[PDB]
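Coming up is one lone chain in structure tokens, specifically the form deposited in one PDB entry.
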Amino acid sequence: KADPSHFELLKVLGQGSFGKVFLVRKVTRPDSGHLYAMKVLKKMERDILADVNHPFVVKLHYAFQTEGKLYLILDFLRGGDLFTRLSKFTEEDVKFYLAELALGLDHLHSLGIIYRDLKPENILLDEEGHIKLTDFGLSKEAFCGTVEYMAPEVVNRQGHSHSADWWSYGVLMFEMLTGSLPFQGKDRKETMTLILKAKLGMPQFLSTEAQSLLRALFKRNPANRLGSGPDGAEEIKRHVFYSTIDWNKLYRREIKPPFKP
């Protein structure tokens, strides 16, 4: 059991688009003195269920109803954002992060959760430097999102499935290996057209294997896109870009992250 009184505010961590986020101590048993991230909600940004157990998805520990509000207690993730940490660099360092991402993402998909706008701020590191996906339940509206990371079917307000998120996954991958985004204009609107129309040019400094994976991920038609079938990331995991990845050691957090916080 829990209520707001069970938790003492230490500091506000941020006040983003998808809510206000406090660091808290639990003072109640059994997890006395354990730090969490609290997030106060309810009373643009709607919600959907969450009880997710995955090494690369944020755990909801508690969630309770008090004064016509909804509090959510979650892993306190000390590592910060993935992108921040890189901005302080190998293809082998990225492949670790993309392997872990793929496993968690694929887990959200099997539960029916789909990001649409999956962006770098949704991917936090923990103390050890393993990734944790956040902010997957939500849903801004008046659907709004960050256009750079959106698949074509999504930009076009057509239907979408989990394939949308492997497009985004390619964008993240591309952004990591290059420091640039694959489609960007001066405007949200010019960016949208490049996503629909521009045939992406492969940077010729990427491995032949990374370019293989990016061409596979960047299919305007979801049905041609890698991961698009119902076994999802089974297709992706088998790609030669991840030859060096023992997917079972990875899930068990037995592979040393390349950067230590």
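Residue positions are given as counts along the sequence shown, with the first one as 1. Take the two forms, find the largest set of C-alpha atoms that superpose within 1.5 Å, and that set is the rigid core.
This next part talks about the form deposited in another entry, which is not shown.
- Of the candidates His109, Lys132, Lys95, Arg116, the Cα that moves 2 angstroms or more after core superposition between the shown form and the other one belongs to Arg116 alone.
- Once both forms are overlaid on the rigid core, the distance between the two CA positions of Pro230 between the shown form and the other one is 2 angstroms or more.
- The Cα-Cα distance between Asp117 and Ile73 is shortened by 3 Å or more in the other entry relative to the form shown here.
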